[PDB]
Amino acid sequence: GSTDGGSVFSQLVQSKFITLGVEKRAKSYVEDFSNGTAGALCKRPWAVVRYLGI
Amino acid sequence: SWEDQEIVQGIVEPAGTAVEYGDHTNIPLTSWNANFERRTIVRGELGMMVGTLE
């Protein structure tokens with residue numbers, strides 16, 4: 001009876017890879033990159049069964 | 001120029017010593033200082049007078 005889509009498990013990834021920037025110095029240079037992720041979302045915990053010790 | 005008073009000569013003493021190179025070692029820097037000397041200008045004058053009969 002829902003209206004969301006029924007996705008029991010999802011991985012919300014904002015961005016896999018961003019090139020934040022590059023800084024040039026006299027003797028060296030630096031680069032920085034970043035990523036974003038909101039972890040995993042479970043909408044229906046009743047639809048998951050976990051066993052440990054198999 | 002003829003209608004001047006002083007001649008100025010500048011002397012620049014530089015400064016700086018090299019160090020061993022290293023990628024992350026801090027950069028040595030060179031510098032300079034300046035001194036000046038002034039000498040007064042002297043103007044000499046000489047003329048002539050000529051007559052027609054002469």
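For the reader, a short list of remarks on this structure follows.
- Scan of region A:3-41 for residues that are among the hydrophobic types (A, V, I, L, M, F, W, C), assigned to a strand (DSSP E or B) and in contact (Cβ under 8 Å) with a residue 12 or more places away in the chain, ordered by number: A:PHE9, A:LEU12, A:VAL13, A:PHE17, A:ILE18, A:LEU20, A:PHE33, A:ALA38, A:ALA40, A:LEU41
- Per the conditions (1) within 14 Å of another protein chain (Cβ to nearest Cβ); (2) surrounded by 10 or more Cβ atoms within 10 Å (Cβ to Cβ), the sole criterion not satisfied by B:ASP23 is (2).
- Residues being assigned to a strand (DSSP E or B) and more than 30 Å from A:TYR29 (Cβ to Cβ) - total across chain B: 16
- For region B:13-21, the criterion of a residue being in contact (Cβ under 8 Å) with a residue 12 or more places away in the chain and in contact with a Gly (Cβ under 7 Å, 6 or more places away or on another chain) is satisfied by no position.
Conditions tested, residue by residue: (1) more than 14 Å from chain B (Cβ to nearest Cβ); (2) of a type in the set (D, E, K, R); (3) in contact with a strand residue (DSSP E or B) (Cβ under 9 Å, 6 or more places away or on another chain); (4) surrounded by 10 or more Cβ atoms within 10 Å (Cβ to Cβ).
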residue	(1), (2), (3), (4)
A:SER7	yes, no, yes, yes
A:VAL13	yes, no, yes, yes
A:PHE17	yes, no, yes, no
A:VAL30	no, no, yes, no
A:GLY39	yes, no, yes, no
A:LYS43	yes, yes, yes, yes
A:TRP46	yes, no, no, no
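Neighbour counts are summed over all protein chains in view; Cβ atoms, including those assigned to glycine, are modelled from backbone coordinates with ideal geometry. Bear in mind these aren't lab numbers, they're just calculated from the coordinates by the rules spelled out.
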